[PDB]
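Reminder, nothing fancy here: chain letters follow the sequence lines and each chain counts from 1.
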Amino acid sequence: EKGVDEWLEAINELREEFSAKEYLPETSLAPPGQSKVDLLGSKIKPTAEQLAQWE
Amino acid sequence: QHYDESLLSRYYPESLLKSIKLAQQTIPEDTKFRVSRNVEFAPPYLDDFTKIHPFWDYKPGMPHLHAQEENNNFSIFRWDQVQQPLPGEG
Amino acid sequence: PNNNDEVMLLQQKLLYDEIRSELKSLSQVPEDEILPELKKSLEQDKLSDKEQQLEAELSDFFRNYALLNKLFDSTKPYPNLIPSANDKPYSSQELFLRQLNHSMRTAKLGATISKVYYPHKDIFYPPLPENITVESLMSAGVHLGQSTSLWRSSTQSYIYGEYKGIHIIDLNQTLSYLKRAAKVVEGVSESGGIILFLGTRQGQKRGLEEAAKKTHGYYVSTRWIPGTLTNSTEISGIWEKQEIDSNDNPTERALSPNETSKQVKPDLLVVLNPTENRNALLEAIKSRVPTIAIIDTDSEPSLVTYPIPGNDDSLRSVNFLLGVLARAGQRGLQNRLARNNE
Amino acid sequence: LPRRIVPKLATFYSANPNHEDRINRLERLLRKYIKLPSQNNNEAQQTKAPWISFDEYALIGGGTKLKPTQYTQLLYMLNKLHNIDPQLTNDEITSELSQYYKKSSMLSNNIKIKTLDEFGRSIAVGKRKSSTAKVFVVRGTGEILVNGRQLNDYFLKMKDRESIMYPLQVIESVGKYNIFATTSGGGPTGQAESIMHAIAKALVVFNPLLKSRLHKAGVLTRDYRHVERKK
Amino acid sequence: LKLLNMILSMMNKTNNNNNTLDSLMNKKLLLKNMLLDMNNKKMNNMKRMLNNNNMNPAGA
Amino acid sequence: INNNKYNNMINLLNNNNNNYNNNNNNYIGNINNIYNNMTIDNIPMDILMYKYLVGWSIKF
Ligand SMILES: [Mg+2]
C-alpha cells in the first residue's frame, strides 16, 4: 500500500525534524522558508447576491 | 482530586477527617467546578482553614455577631489591652 | 551553481500555498455533503494491516505534537514579503526591493565624487584636533562673527578685522583655543568624568546626541531648567542613577536610596550657544564646574573657563567644532578602555 | 575595577529624561529605516491604532513632567513606524512598538457573529422612551404583524407606519421581508420607533454590507431622549 | 479511517487542481498544516479558560 | 499579586496540568497550583485599605 507507505514515511520524517529541536508551534511549524508563525478569520466573504445589492 | 484517608490523615487533624470523608462521598470525582464572577466567597489567597489565625480570625472567647459560645461562657475578663495585636512583625 | 537549493524550497513554498488554499475551500462546504458520504465509505471499507499502522501512528503523532505539547515557552531580511507569481508582474514591495538591489550595485557606476562637502560627515567623521587647519575652519564658516553694530568690545583681542559689515574672527587663535579645549575634553573623558553637551538652538540636537554617544556623555537640546545644578535635588533627584565599572558596563548593583538622591554634578559643561544660556553658565560658576563654550563677537569671554572664538550661528560651524571636541573625547574614552584591557 | 555612580540616561539633565530617551529610541528606528515605504492601505484607512493612554504613558514617560505635546510627539512616531508596509517591516520595529500597545489585548472580544436562526429569522430588540420592541425578520413578501394584529389596526397614525417602513425603504427591500413585531411599553410613537430601530438592527444579518447605509440614514442609533425629572 | 481518510480526501481535492512529490513532500506539508490548525484551537481554548477564571484576584 | 496568579494559570495550562470536553469545562487544575505563593502571610496585609492616616482637620 504505497499510500500507507508514503504516509508512514512522511509521519516519521516529521517526527525526526520536530525531535531535532524543542517543539514549539510557532517555530517548529513555520511556513516553508519562514521563521515562525504567530498562533493568533471570521471575515465572511459577501455572496454574489449580497455584493450585487450593495453595488 | 480524591485522596485516600492515609494521605489526608498525615496533614489534616483527626477532628476534620470525618468532614473530608463525607465530602469525598457526596461530591463526585468528575465534578467540573465553575468559578463565580459575581460573589467572591473564598479569600483571595489559598487557605485550608484548619488553623485559627490570632488576628485574621475572630478571637476565641470574644463576643461578636458570629460567636458560638453561650453568653455565659465567654473568656475575656480583662479589657485593659487590645485583644488582637497586629499580625506578623506587629 | 547552488540555485537549485533555493528552488527546492520555493517548490515546497508553492505546494504549501496550494494545500492551504484548498483547506479553506473545504471549510466552506457543509458537513452534510462530505461527512455522511465519508463515513459511509468507511462503513463499506475494511482496515488493512498497513492502514492500521497509520491509524495509530497518526493518533500518537497528533496526541504528541498537537495535544500533549507546550503551546509556548517560559532569508532573514524582509521575512514578510509575499512574493508574486512568476507570471504576474512585480508587486510594489518587490519593485522597492528590486530598486534597492540596483542602488547598491549599479546606481554608483560611472564616476566617484571627490572634494565635495557632505553635511552629515561633519557629525559622523569629525577630524582629529591635530589635523585641523585654518582652511578647514574657514570652510565651515567659523570666522564669521556678528555685525560690527553688535560688537561686545571685550572680544577685541579675538578679532582679525571687519569685512562686509561683520567682524572676522582670527582663526589662528580659534585653532589654538580649539586645541586647548579639545585636550580638556579628552582629559576628562580619559579620567571618567561626566561631560554634558548643552545646545538649545534649532537643529543642534543631532550633533549633540552623537557627541554624547561617542564620549559616553550627556546632552540637553530642549531647555536648561534654571537650577539644574544649584537646585539639583528638586529637579533631578527623581531620575535614575546607575553604577558602572571601569569599562562603563553597568555593574547591576542596586543602589541605596542614599546614593540615588545625591547630586550628580557634571565634570565638564560644553555650551554651543552661551549667549542664550547665561543661567547654565552662572550655575556652572556657582558649582565650580569647568565650562567650554563657543564665543562669538557679541559674547562675553570671561564667563567660561575655556572659550573657543567662533561663529555660533551656523550649524556647520557649530557642528564642526562640536565634532572635533566629541572625537577628542572619544579618543580619551578609547585610551581609558585600552589601559584597562592591558 | 574602580566603580562610580553615573546618570542612567543620556538625557538625565533634560526636563523629562524618560520621554526624551524613548523618543530618541524611536527616532533611531525612523532613521535606520527611512527608505522603507509606507502602507498604501493608509488611504483605505485601516482601523488599527491601539496605543497606550496619556496616563498610561505617564508611568514610563516622566509622570508629572509629561506634557500633552510630548505625548502627541510619541504618537506621531509610533504611528509612522506602525504604518510601514507590513511586508517590508522587520522585528526591530515591531519589538520597539510592542511596549506601547494597550494591554487590553490580554483578554478577548465579547462579540460573536450574528446569524439567522433555525427558521431563517433575524431577531433584534429596540428601545425608544419607555417602549421596547422584539422583531422577527424573515425573507418574505412584505407581510407585517404587530402583536398579532394588522399594522393599520395597531398603529392608527400614518406617520408611525412610515417610521416602521423607513429602514426597509433605505435598503429598498420593502417587499422582500416578512416582519413579526412584538412591542410593549410606552405609547404609539415609542413603540413604532422602537420597532423601526429593531428592524434596522435585524436587517444587517441578511447583508452586512448595508450597515453603513443604515447607519448613515440614522436608523441604527438608539435614541437616548427620555422624560427628565425637572431639576 | 477518518483519521486517514480525511487527509486522503484533502489530497484528492488538491488532485483536482493537479489534473512524485505528492507522495512525500505534499503529504508532509499537509500534516504540518493540520498541526498548526490543531495548535491554534488549543491556544483559543486556553484564552477561554483564562477569561472564565479570576485572573485578577486582588483588584482589577 | 494579579500577575502572580495569571502566571500560575498560564504555566498550569501550558503543562496540561477528552478534546470535546476541552471546549466546555474551564477547570484549570489543582487549587494549590492556581494559588501558589498566595498565602495568608503575604496577601491579606498588603491589600487592606484605609490603613494610614494621611490628613486631619479639627475645628472649634
Ligand atoms: Mg552669534
(message) For F:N36, which atoms come within 4.5 Å of any heavy atom of chain B: side chain, backbone, both, or neither?
(response) neither
(request) Under 4.5 Å, heavy atom to heavy atom: which of residues 22-42 of chain B reach chain F? Give them by number, or say none. (result) B:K32, B:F33
(message) So for atom CG, which belongs to F:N3, do other residues, nucleotides or ligands contribute more than 12 heavy atoms lying within a distance under 6.0 Å?
(response) no
(message) Non-hydrogen contacts under 4.5 angstrom with chain B: give the residues of residues 43-58 of chain F involved, or none if there are none.
(response) F:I43, F:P44, F:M45, F:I47
Distance-only donor-acceptor pairs under 3.5 Å for side chains of residues 8-19 of chain B, two or more places apart:
{"from": "B:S9", "atom 1": "OG", "to": "B:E5", "atom 2": "O", "distance (Å)": "3.0"}
{"from": "B:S9", "atom 1": "OG", "to": "B:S6", "atom 2": "O", "distance (Å)": "2.6"}

(message) Using a 4.5 Å heavy-atom cutoff, which residues in residues 46-74 of chain B come close to chain F?
(response) B:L46, B:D47, B:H53, B:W56
(request) Enter the distance from B:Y45:OH to F:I1:CD1 here, rounded to the nearest 0.5 Å. (result) 12.0 Å
